[PDB]
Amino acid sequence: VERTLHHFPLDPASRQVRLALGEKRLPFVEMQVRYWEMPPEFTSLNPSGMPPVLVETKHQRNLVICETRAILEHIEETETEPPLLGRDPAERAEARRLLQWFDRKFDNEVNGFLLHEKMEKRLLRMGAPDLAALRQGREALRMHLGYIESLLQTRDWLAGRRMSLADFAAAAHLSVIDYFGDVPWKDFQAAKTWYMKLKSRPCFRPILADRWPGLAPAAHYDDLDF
């Protein structure tokens, strides 16, 4: 199968797909999309206008898989090597719960403040961050970090004994916040240790190489020691 991933580098959803494909050693070509500019041609691929979109081609027939709910389940169903969902129903349920936790709750309570006020406003030339919005995002982030810390002191990985899509979801989201220097790793020891381990995996390497014009990452962003 040929794979083309239409994505935006600093998008957590996109990064989850890049981590899953990398971890499964599935090659893909990438096409970067400035989706906020609503390029007509991308909206013809995905009517929501949002990345990521994975196009799988086999014998010149295309399967256009849009956004993470469809993409991640497709990957896990069709490429078992290695599994990013556990075998026990409880581990599968817990990982999926955590996918939803990050894609909805974390995205709303943290990203809607920290990523909106800094990255999105910059890209749309809408001016400076609202400092109160930033303070609200930072406090929400600390509450989410505390939650994952409590999990990681009781489990090896977020969803239990096996590394899963839940780890990649949390790490994808945190990696973008980390690019903008906003994660207080020093205060959450189990979470710091967990991220350091994820960040050193081969699948993470391209993500650490991400750079976008006008958006200069924190100095430690691509350091394996931080």
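Quick note: we count residues from 1 along the sequence shown, nothing fancier.
Between the two ranges 99 to 107 and 116 to 124, the one averaging a larger CA B factor in the entry: The deposited B-factors put 116 to 124 ahead on the C-alpha mean.
Mean C-alpha temperature factor, higher of 59 to 67 and 33 to 41: The stretch with the larger mean CA B-factor is 33 to 41.
Among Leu131, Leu141, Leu72, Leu85 - the residue whose C-alpha B-factor is largest in the record: Max CA B-factor in the entry, restricted to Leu131, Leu141, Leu72, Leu85: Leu131.
Entry-reported Cα temperature factor of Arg18, expressed as the chain third it lands in: Lowest third.
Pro217 by Cα B-factor - lowest, middle or highest third of the modelled chain: Middle third of the chain for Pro217's C-alpha B-factor.
Assigned third (lowest, middle, highest) for the C-alpha B factor of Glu149: Within its chain, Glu149 is a lowest-third residue by C-alpha B-factor, going by the deposited values.
Lowest, middle or highest third - CA B-factor, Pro202: As the PDB entry reports it, the C-alpha B-factor of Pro202 lands in the highest third of its chain.
Lowest, middle or highest third - CA B-factor, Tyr179: Lowest third - that is where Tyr179 ends up once the chain's C-alpha B-factors are sorted.
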